[PDB]
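> Opening piece of the complex, as it sits:
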Amino acid sequence: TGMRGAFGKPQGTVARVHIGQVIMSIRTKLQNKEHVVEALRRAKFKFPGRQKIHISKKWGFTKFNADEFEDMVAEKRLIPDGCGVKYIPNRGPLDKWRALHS
Amino acid sequence: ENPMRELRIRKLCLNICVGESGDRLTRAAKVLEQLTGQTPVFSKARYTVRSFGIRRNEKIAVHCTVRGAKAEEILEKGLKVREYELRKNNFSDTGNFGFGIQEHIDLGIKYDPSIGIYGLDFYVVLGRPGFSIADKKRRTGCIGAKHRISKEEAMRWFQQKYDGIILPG
Amino acid sequence: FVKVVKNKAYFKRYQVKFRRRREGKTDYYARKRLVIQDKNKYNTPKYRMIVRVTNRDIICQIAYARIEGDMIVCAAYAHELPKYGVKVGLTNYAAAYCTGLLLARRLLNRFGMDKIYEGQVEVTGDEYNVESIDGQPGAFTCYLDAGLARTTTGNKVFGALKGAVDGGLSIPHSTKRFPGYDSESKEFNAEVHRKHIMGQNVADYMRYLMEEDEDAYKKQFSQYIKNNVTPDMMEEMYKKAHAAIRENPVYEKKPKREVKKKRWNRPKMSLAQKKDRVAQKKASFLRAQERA
């Protein structure tokens, strides 16, 4: 058309990553450390550039972390709900939660 | 309860949705006129749905709002056609109850060969003294929380007053 | 069920009205126009006649607004009328006129223009004129300040107005709302008004109940008969009052009592009485749940 007016029309869809963004994430038993660490490098080959691989300190997909997590579940501040855990703070009317359940 | 809580009929509203304007409606206003003695008003259309026979601002229905002593006697005749019998789905969750009657003559109207075949709709608004404070203009407010009408609080007043009962449905 | 209207987000996105309109007492559309001065009249105050009716009292005030709060030049409550010679009926139309007559007289007696600007004693069909001398006594003015803007011929607030103008104030108005104004002929009458202004309709009302039924009469006016006031003296009592208001418009501001620091509901609960008590209150309600 001679570039007399060249605004592209869409095709495909892309996603951006910043330095430190987390592309892909896997959950597994603690005995499968090696199965995770190398399956990801198997995945690493289908991506431009280079990505570091390390095993997180965060229990599961939760916001909360390594082996202090089992205390709070026992301490009754978190409760397991499906793929995640609800934080039970104290600003909520816990005198109407403890009255409901200790 | 105490003297400041006695339940009363704030108002009672009657209407006929005749469906199409012209003559059948302007006959219908007579039926209400024969009943309560107050000049009724015609309610036009809010929307136009052609699967009824209605047009925008076509005069569809005539309604009325009786009040006070006049209301209570109209309810006495109105309830009698239903022989003081109702159901537990006739009492709204906001403390109102209603019903209908299939023919106008059953209240005390006199049939005439010029009169058509009309029914009409009943609906009773309970209330307690102080419920006008939600309408005042100079200074307004809410109605309350323990002074409102629950679902049950409507039924137990109705049952004792007009002797009737409610058949579960 | 369907989504609740009041979410945690709904409150975040809220916008309270101005407080006085939230309680419903002040109209902030009829204040922008009935209060604000123009900017080339820099500090010349603008006076309003705040006339309010309550279930058992009539309030009249004259005010001019400031950048912080209002300024009240004078006020004449209607429940001081037992002082002057009238006892029964303060929400009467005539009672309002007794208020509007006093408010002017007390205000004018403050400012030294009491001896002048008197107007008619009792007839209301005309405006009342002024004189202006620069930096010297003359030509008072104000504007009517109705509350929730209800204004239909015969309204009680227009009892004060005819009182104000006859009192000595000059209020721009029109005799289009004095009761007795025929709604469809648009004529000055001043006679039906003269009865309304003097309470002669109430005196007719009790003469109306006399013929028909005393039993209904007792239910209505049980405290007219207490400290007996019969219809035949009704206009006579008021004629004394309008005379009475003139000689003694001044106010003396009866003195107040001495406080023993009373409180009957509960103390004003501050941070500590909140912080420590409620930190207990949990530790108390906590104790019940571990004991059962």
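Cool, got the structure. Residues are numbered from 1 along each chain as shown, chains lettered A, B, ... in the order given.

> Tell me which residue is most central in chain A.
By CA atoms, centre = their mean, chain A has its centre lying nearest to residue A:61, at 4.8 Å.

> For the closest residue to chain A within the stretch 1-150 of chain C, grab phi and psi.
Here the stretch 1-150 of chain C gets closest to chain A at one residue, residue C:8, 11.9 Å apart by CB to the nearest CB. Backbone N, C-alpha and C define where each C-beta goes, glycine included. Main-chain dihedrals, residue C:8, degrees, to the nearest 10: phi -60, psi -30.

> Quick one: residues contacting it.
By CB atoms under 8 Å, 6 or more residues apart in numbering or on different chains, residue C:8 lies in contact with nothing.

> so how far is chain B from it?
Remark: distance between residue C:8 and chain B (CB to the nearest CB, to the nearest Å) = 22 Å.

> what do you get for residue A:23?
Distance of residue A:23 to chain B, given as CB to the nearest CB: 52 Å.

> One more: residue A:58?
As defined by CB to the nearest CB, residue A:58 lies at a distance of 47 Å from chain B.

> Skipping adjacent residues, who's closest to that residue in space?
Distance criterion CB to CB, 6 or more residues apart in numbering or on different chains; nearest residue to residue A:58, sequence neighbours excluded, is residue A:65 at 5.1 Å.

> Can you give me the neighbour number for residue C:52?
Neighbour count of residue C:52, defined by other CB atoms under 10 Å in any protein chain shown: 18.

> ok so residue C:144 is a strand residue?
Yes: using DSSP: H, G, I helix; E, B strand; the rest coil, the secondary structure at residue C:144 is a strand.

> Skipping adjacent residues, who's closest to it in space?
Excluding its sequence neighbours, the residue lying closest to residue C:144 (CB to CB, 6+ apart) is residue C:49, at 5.0 Å.

> In this structure the one you found contacts residue C:164, no?
Yes: between residue C:49 and residue C:164 there is a contact under CB atoms under 8 Å: 6.1 Å.

> Quickly list what's touching both of these two.
Counting by CB under 8 Å, 6+ apart, the residues touching both residue C:49 and residue C:164 are C:103, C:142, C:171.

> burial count for the second one?
Residue C:142 sits with 21 neighbouring residues when counted by other CB under 10 Å.

> nearest spatial neighbour of it, skipping sequence neighbours?
Residue C:142 sits nearest to residue C:47 (CB to CB, 6+ apart), 4.0 Å away.

> what packs against the lengthiest strand in chain B?
Identified as the longest strand of chain B according to DSSP state E is strand B:8-17. With contacts taken as 3 or more CB pairs under 8 Å, 6 or more residues apart in numbering or on different chains; DSSP states H and E, strand B:8-17 sits against helix B:24-36, strand B:61-66, helix B:68-81, strand B:120-127.

> ok, now chain D:
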Amino acid sequence: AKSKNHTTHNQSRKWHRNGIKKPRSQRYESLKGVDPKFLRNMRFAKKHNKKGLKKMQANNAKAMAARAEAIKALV
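Next up, chain D placed on what we already have:
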């Protein structure tokens, strides 16, 4: 015919090569735009100090002498 469009980047040198950035703030700014009703009066107040000799400053003359006599006693 086909050609290049502009660019604007010496706008700041020419800008400040000369050029004083003040409007010459001045006493006695002209009365152009004032309210005519207001201005008519201030034209009258001037008019009745610029007219005559006996009415106005005969009051000014007396008051000044008191200003003359009062201040001197202090020295």
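
> returning to that earlier point: give me the buried positions along the longest strand of chain B.
Across strand B:8-17, burial judged by 16 or more other CB atoms under 10 Å in any protein chain shown covers B:9-10, B:12-16.

> tell me which of these is nearest to chain A?
residue B:10 (36.4 Å).

> In this structure the closest one contacts residue B:130, no?
No: between residue B:10 and residue B:130 there is no contact under CB under 8 Å: 11.2 Å.

> Sheet partners, orientation included, of the longest strand of chain B?
If you go by DSSP bridges, strand B:8-17 pairs up with strand B:61-66 (antiparallel), strand B:120-127 (antiparallel).

> ok so, going back, what residues are up against the residue nearest to the centre of chain A?
Per CB under 8 Å, 6+ apart, neighbours of residue A:61: A:25, A:27, A:83-84.

> ok, now with 6 Å
For residue A:61, no contacting residues are found, by CB atoms under 6 Å, 6 or more residues apart in numbering or on different chains.

> any idea how far it is from residue C:49?
71 Å (CB to CB, to the nearest Å).

> go on, residue C:32?
Shown here: residue C:32 relative to residue C:49, a distance of 18 Å by CB to CB.

> neighbour-wise, which of those two wins?
More crowded of residue C:32 and residue C:49, by other CB under 10 Å: residue C:49, with 22 against 9.

> partners of the residue nearest to residue B:28 when sequence neighbours are not counted in the sheet?
If the residues on either side of it in the chain are set aside, residue B:28 comes closest to residue B:16, at 4.7 Å by CB to CB, 6+ apart. With DSSP bridges applied, residue B:16 shows beta-bridge pairing to residue B:62.

> Please work out which residues outside the longest strand of chain B touch it.
Outside of strand B:8-17, the residues within contact range by CB under 6 Å, 6+ apart are B:28, B:61-67, B:71-72, B:120-121, B:123-125, B:127.

> if we go to 8 Å?
For strand B:8-17, contacts defined as CB under 8 Å, 6+ apart pick out B:25, B:28, B:31-32, B:35-36, B:43, B:60-68, B:71-72, B:74-75, B:118-129, B:131.

> Buried among those? Need that as a selection in PyMOL.
A single PyMOL command selects the buried members of the contacts of strand B:8-17 (16+ other CB under 10 Å):
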select buried, chain B and resi 25+28+31+32+35+36+60+61+62+63+64+66+71+72+74+75+118+120+122+123+124+125+126+127+128+131
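
> Which helix or strand lies directly C-terminal to the longest strand along chain C?
In terms of residue count, the longest strand belonging to chain C (DSSP E) is strand C:58-65. The first helix or strand that comes after strand C:58-65 along the chain, using DSSP states H and E, is strand C:70-75.

> okay, now chain E:
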Amino acid sequence: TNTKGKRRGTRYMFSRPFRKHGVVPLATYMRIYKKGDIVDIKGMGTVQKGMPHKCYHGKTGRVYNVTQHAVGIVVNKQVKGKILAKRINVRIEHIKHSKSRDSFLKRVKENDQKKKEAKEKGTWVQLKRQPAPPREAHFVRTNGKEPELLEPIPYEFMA
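One more piece, chain E, placed on the ones above:
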């Protein structure tokens, strides 16, 4: 790219900050303006009459014409080489008084007060605000304690 217009790009300029919609609070109106004092122009979107043009949203001047509902202003808006003094007319409920000059008329009073109070000390207390001096050497007490030994932390790669 876009084009000329009276209000172009004033989507946020006149946007009534986003927890305040409704009638302008009435302490805007009783504020009396007078010839020769300093105002700062600020656009408001509830008024729509006499709004200052977008170029004047922030420039300050002094009011020379006080009318019933509005106050003419002398403002400094610059075309390329010429910082003009342009007269505009705005409604009162846009602009507000400036606290800049009042921070000066506050110190004018005190400086003349101190000087007149010091006509009996015989010395001249010092003029305005020598700039911030150096920090005026002193001691530091540290007896009984010891400073902490700071050191860098090791590298921990988070997710």
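
> ok chain E is in now, so what about the contacts of strand B:8-17?
Contact with strand B:8-17 is made by B:25, B:28, B:31-32, B:35-36, B:43, B:60-68, B:71-72, B:74-75, B:118-129, B:131, as judged by CB under 8 Å, 6+ apart.

> Dump that strand to CSV, keeping only the CA atoms.
Only the C-alpha atoms of strand B:8-17 are listed here, as CSV (Å, rounded to 0.1, in the frame of the first residue of the first chain):
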residue,chain,number,x,y,z
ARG,B,8,-53.7,0.0,62.5
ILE,B,9,-54.5,0.1,58.8
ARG,B,10,-52.4,3.0,57.5
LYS,B,11,-54.2,2.8,54.2
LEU,B,12,-55.8,0.3,51.8
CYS,B,13,-55.3,0.4,48.0
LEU,B,14,-57.6,-0.9,45.3
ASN,B,15,-57.0,-1.1,41.6
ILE,B,16,-58.3,-2.6,38.4
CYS,B,17,-55.9,-3.4,35.5
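
> Now do the residue nearest the centre of chain D against chain A, distance only.
Compute the mean C-alpha point of chain D, and by CA atoms, centre = their mean the closest residue is residue D:28, 1.6 Å away. Note on residue D:28: its distance to chain A, by CB to the nearest CB, is 60 Å.

> Give me the secondary structure label for that residue.
Under three-state DSSP, residue D:28 comes out as coil.

> my read is residue D:44 is in a helix, agree?
Yes: counting by three-state DSSP, residue D:44 is part of a helix.

> Show the contacting residues for it.
Contacts for residue D:44 (CB under 8 Å, 6+ apart) come out as none.

> now it: how far from chain A?
Separation of residue D:44 from chain A (CB to the nearest CB) stands at 69 Å.

> Does residue D:23 touch residue E:77 like I think?
No: in terms of CB under 8 Å, residue D:23 does not count as a neighbour of residue E:77; the distance is 10.5 Å.

> who touches both of these two?
With CB under 8 Å, 6+ apart, residue D:23 and residue E:77 have common neighbours E:83-84.

> So which bits of chain C are right by chain A?
With the criterion set to CB under 8 Å from any CB of the partner chain, chain C comes near chain A through C:281-282, C:285-286, C:289-290.

> Let's see which of those residues end up in helices.
Under the assignment DSSP state H, the residues of chain C next to chain A contribute C:281-282, C:285-286, C:289 to helices.

> partners of the longest strand of chain C, with directions?
For strand C:58-65, pairing defined by DSSP bridges yields strand C:48-53 (antiparallel), strand C:70-75 (antiparallel).

> what's the most buried one of those strands?
Comparing those by mean neighbour count (mean count of other CB atoms under 10 Å in any protein chain shown), strand C:48-53 comes out on top with a mean of 21.

> Alpha carbons only: can I get that strand in CSV?
Taking Å, rounded to 0.1, in the frame of the first residue of the first chain, the C-alpha atoms of strand C:48-53 are listed here in CSV:
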residue,chain,number,x,y,z
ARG,C,48,-32.8,37.6,57.5
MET,C,49,-36.1,37.0,59.4
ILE,C,50,-35.9,33.4,60.5
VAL,C,51,-39.5,32.4,61.3
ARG,C,52,-40.1,28.8,62.3
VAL,C,53,-43.2,27.0,63.6
